[PDB]
Amino acid sequence: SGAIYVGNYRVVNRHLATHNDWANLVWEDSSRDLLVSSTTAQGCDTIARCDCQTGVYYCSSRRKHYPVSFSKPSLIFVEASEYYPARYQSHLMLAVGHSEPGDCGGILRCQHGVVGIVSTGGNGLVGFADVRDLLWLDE
Ligand SMILES: CSc1cccc2c1N(C(=O)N1CCC[C@H](C(N)=O)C1)CCCO2
Ligand SMILES: [Zn+2]
């Protein structure tokens, strides 16, 4: 679990969005596993606007933050799970690192701010849904 709080927006994994999130929807994209809902109070997370490929992510299944190198946002095949059929997920970045189902929502950050959140994993890999292209989160 986990979310990004920027301005009057809450960014979560679409597959983990609560009933309150759908009742206050701003934008969602199943192909990116992202959902943005509106908030009453202002959030303090700063979104990164960069092309960094190194950062630190939070891994709830280890209660630890790990430094990682990660790929550029890409269209990547994700096998069928309990949340989606087999499909290509867009804007996804992979890194070599531990992740389990329960770790989705963990933040990935670089020196410029929030880069994305854990969205996929398996086989000693961890994948993050990029948010650096969503310029509108800043306004
Ligand atoms: C951090 S998720 C994870 C981590 C390790 C092993 C894993 C996972 N699972 C996932 O990758 N998914 C479940 C949640 C939604 C994902 C998506 N964006 O399509 C897919 C479950 C199946 C494969 O097994
Ligand atoms: Zn950066």
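Ligands are counted one by one from 1 in listed order, and the atoms in each one are counted from 1 as well. In what follows, residues are counted from 1 in the order of the sequence shown.
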d(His91 NE2, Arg132 CZ) to nearest 0.5 Å is 11.5 Å
Verdict with reasoning, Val78 to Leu92, per side chain to side chain contact (heavy atoms under 4.5 Å, CB included):
CA-CA 10 Å; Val78 174; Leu92 186 64; 4.1 Å; yes
Atom 8 (C) of ligand 1: the protein heavy-atom neighbour that sits closest, reported with distance to 0.1 Å:
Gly121 O, 3.8 Å
Judged by atom type as modelled, is there a donor-acceptor pair below 3.5 Å linking the side chain of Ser38 to the main-chain atoms of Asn24?
yes
Considering only non-hydrogen protein atoms, determine which one is nearest to atom 14 (C) of ligand 1 and report residue, atom name and distance to 0.1 Å.
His15 NE2, 3.5 Å
Could you tell me whether the side chain of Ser74 and the main chain of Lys72 form a donor-acceptor pair under 3.5 Å?
yes
So is there a nitrogen or oxygen of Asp103 less than 3.5 Å from a nitrogen or oxygen in ligand 1?
no
Give me the nearest non-hydrogen protein atom to atom 13 (C) of ligand 1 as residue plus atom name, then the distance to 0.1 Å.
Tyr83 CD1, 4.0 Å
Angle between ring planes, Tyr57 versus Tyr66, binned at 30° and 60°: parallel, tilted or perpendicular?
tilted
Could you check whether the rings of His65 and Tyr58 sit parallel, tilted or perpendicular, using 30° and 60° as the cut-offs?
tilted
Using the rule given for side chain to side chain contact (heavy atoms under 4.5 Å, CB included), can you reason through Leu25 versus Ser37, listing the C-alpha separation, both sets of side-chain angles and the distance that settles it, and then say yes or no?
CA-CA 4 Å; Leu25 185 63; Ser37 68; 5.7 Å; no
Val126 and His98: side chain to side chain contact (heavy atoms under 4.5 Å, CB included), yes or no, with the steps?
CA-CA 6 Å; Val126 50; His98 180 68; over 6 Å; no
What I want to know is whether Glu100 and ligand 1 share at least one N or O pair that is separated by under 3.5 angstrom.
no
Short list, please: which atoms of ligand 1 are under 4.0 Å from a heavy atom of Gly122?
4 (C), 5 (C), 6 (C)
Checking a contact table here: which protein heavy atom is nearest atom 22 (C) of ligand 1, and how many Å away?
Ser81 CB, 4.2 Å
Do me a favour and list the nearest non-hydrogen protein atom to atom 16 (C) of ligand 1 with residue, atom name and distance?
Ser119 O, 3.1 Å
Can you tell me which residue and heavy atom of the protein come closest to atom 21 (C) of ligand 1, and the distance to 0.1 Å?
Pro101 CG, 4.1 Å
Rounded to the nearest 0.5 angstrom, the CD1-OG distance for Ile117 and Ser1 is 10.5 Å
Going by atom types alone, do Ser119 and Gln89 pair a side-chain donor with an acceptor below 3.5 Å?
yes
Any donor-acceptor N or O pair under 3.5 Å, side chains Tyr83, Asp33:
no
Can you tell me if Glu82 has a non-hydrogen atom under 4.0 Å from ligand 1?
no
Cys104 heavy atoms, cut-off 4.0 Å: which ligand 1 atoms fall inside?
1 (C), 2 (S)
re atom 19 (O) of ligand 1, the protein heavy-atom contact at minimum distance is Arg87 NH1, 3.1 Å
Can you list the atoms of ligand 1 that are under 4.0 Å from a heavy atom of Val78?
19 (O)
Using a 4.0 Å cutoff against the non-hydrogen atoms of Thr120, which atoms of ligand 1 qualify?
1 (C), 2 (S), 11 (O), 17 (C), 18 (N)
Could you walk me through whether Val68 and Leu108 pass the side chain to side chain contact (heavy atoms under 4.5 Å, CB included) test, one step at a time?
CA-CA 9 Å; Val68 286; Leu108 167 67; 3.9 Å; yes
Just how far is it from atom CD1 of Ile47 to atom CG of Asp133, taken to the nearest 0.5 Å?
10.5 Å
Tell me, which protein N/O/S atoms are under 2.8 Å away from the Zn ion (ligand 2)?
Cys50 SG, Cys52 SG, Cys110 SG, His112 ND1
